[PDB]
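S.K.: Take a look at this one; I'll ask things after.
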Amino acid sequence: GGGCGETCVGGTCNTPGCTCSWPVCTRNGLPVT
């Protein structure tokens with residue numbers, strides 16, 4: 001996807017491929033689905 005459009009406002013992301021760049025998740029250089 002376009003990185004990780006999920007947020008980690010609570011503290012962490014749900015997808016382990018995503019990293020928390022609080023409050024937004026990102027994807028740590030991994031293949032982008």
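Each chain of the structure tokens is named A, B, ... in the order shown, its residues numbered from 1; ligands are numbered from 1 in display order.
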Mind checking which residues fall within 7 Å of residue 27 in chain A, counting only C-alpha atoms, ignoring those fewer than 3 positions away in the same chain, and posting them as a list in words?

M.R.: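 The residues that qualify are residues 3, 4, 17, 18, 19 and 30 of chain A.
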
S.K.: Mind listing the strand (DSSP E or B) residues of chain A, per DSSP on the backbone, as a short mmCIF file (atom, residue, chain, number, x, y, z; two decimals) with N, CA, C and O atoms, in the first residue's frame?

M.R.:
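Writing the result to part24.cif gives the following:
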```cif
data_model
loop_
_atom_site.label_atom_id
_atom_site.label_comp_id
_atom_site.auth_asym_id
_atom_site.auth_seq_id
_atom_site.Cartn_x
_atom_site.Cartn_y
_atom_site.Cartn_z
N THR A 7 -2.73 4.54 12.00
CA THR A 7 -2.14 5.34 13.00
C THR A 7 -1.80 4.50 14.23
O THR A 7 -2.32 3.39 14.40
N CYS A 18 4.67 -2.17 9.87
CA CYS A 18 4.56 -0.76 10.06
C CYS A 18 5.23 -0.38 11.36
O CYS A 18 5.24 -1.16 12.33
N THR A 19 5.83 0.76 11.36
CA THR A 19 6.50 1.28 12.49
C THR A 19 5.72 2.50 12.95
O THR A 19 5.07 3.15 12.13
N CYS A 20 5.77 2.78 14.19
CA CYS A 20 5.07 3.89 14.71
C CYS A 20 5.93 5.13 14.65
O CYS A 20 7.05 5.18 15.19
N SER A 21 5.46 6.09 13.92
CA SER A 21 5.99 7.39 13.85
C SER A 21 4.90 8.28 14.40
O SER A 21 4.29 9.07 13.67
N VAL A 24 1.37 8.52 13.67
CA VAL A 24 1.10 7.82 12.42
C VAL A 24 2.05 6.65 12.17
O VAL A 24 3.20 6.71 12.52
N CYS A 25 1.58 5.59 11.58
CA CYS A 25 2.43 4.51 11.26
C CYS A 25 3.08 4.73 9.91
O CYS A 25 2.54 5.45 9.05
N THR A 26 4.23 4.17 9.76
CA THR A 26 4.96 4.17 8.54
C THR A 26 5.40 2.76 8.24
O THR A 26 5.06 1.87 8.99
N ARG A 27 6.13 2.56 7.20
CA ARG A 27 6.61 1.27 6.86
C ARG A 27 8.10 1.39 6.76
O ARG A 27 8.61 2.29 6.10
#
```
